[PDB]
């Protein structure tokens, strides 16, 4: 699949073929100053945003932390949080999502940040969306 170049945010785009084992999605962007306090990347089914297999949500609030969770039929499950923010505003970053049979491997600038085991079959994911206080340079597959 061709990369989405300079997509505007918010953004929603189809992931051709749907998520598949071995697929690596790269999200290159920059956290802005003066927008909001958080941004997110969502691996979802459809554009509704009601069913999100994997929600990666960095929050520049309360000291800085990232929320990882799944949303099924509009219902958010138990959150997984990490308190060591690997993001810095005004600095471009490479957010890499490696899809494996049992989990998502998430790397920030080549450094493994989190591991999220699939709560729902990843084959159900065909859409990636990004919103919040972030500017995108590109999304590659």
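We call the rigid core whatever largest set of C-alpha positions still superposes within 1.5 Å between the two forms. Residue numbers count along the first chain shown, from 1.
Visitor: Given a rigid core fit, name the stretch, 90-98 or 52-60, whose C-alphas are on average farther from the form shown here in 9 other deposited structures of this protein.
Guide: Result of the core-fitted comparison in 9 other deposited structures of this protein: 90-98 deviates more.
Visitor: Stretch 64-72 versus stretch 35-43: after rigid core alignment, which one is farther off in C-alpha RMS in 9 other deposited structures of this protein?
Guide: Clearly, after the core fit, the stretch farther away in 9 other deposited structures of this protein is 35-43.
Visitor: Given the B-factors recorded for C-alpha atoms, which segment has the greater mean, 56-64 or 41-49?
Guide: The deposited B-factors put 41-49 ahead on the C-alpha mean.
Visitor: So, looking at the entry's B-factor column for Cα atoms, which has the higher mean, 19-27 or 119-127?
Guide: Higher mean C-alpha B-factor in the PDB entry: 119-127.
Visitor: Going by the deposited entry, which of 91, 95, 111, 114 has the highest CA temperature factor?
Guide: Checking the PDB record, the top C-alpha B-factor among 91, 95, 111, 114 is at 91.
Visitor: With respect to C-alpha B-factor, does residue 106 fall in the lowest, middle or highest third of the chain as deposited?
Guide: Bottom third by C-alpha B-factor.
Visitor: Among all modelled residues of this chain, ranked by Cα B factor, put residue 70 in the bottom, middle or top third, i.e. lowest, middle or highest.
Guide: Tercile = middle for this residue's CA B-factor.
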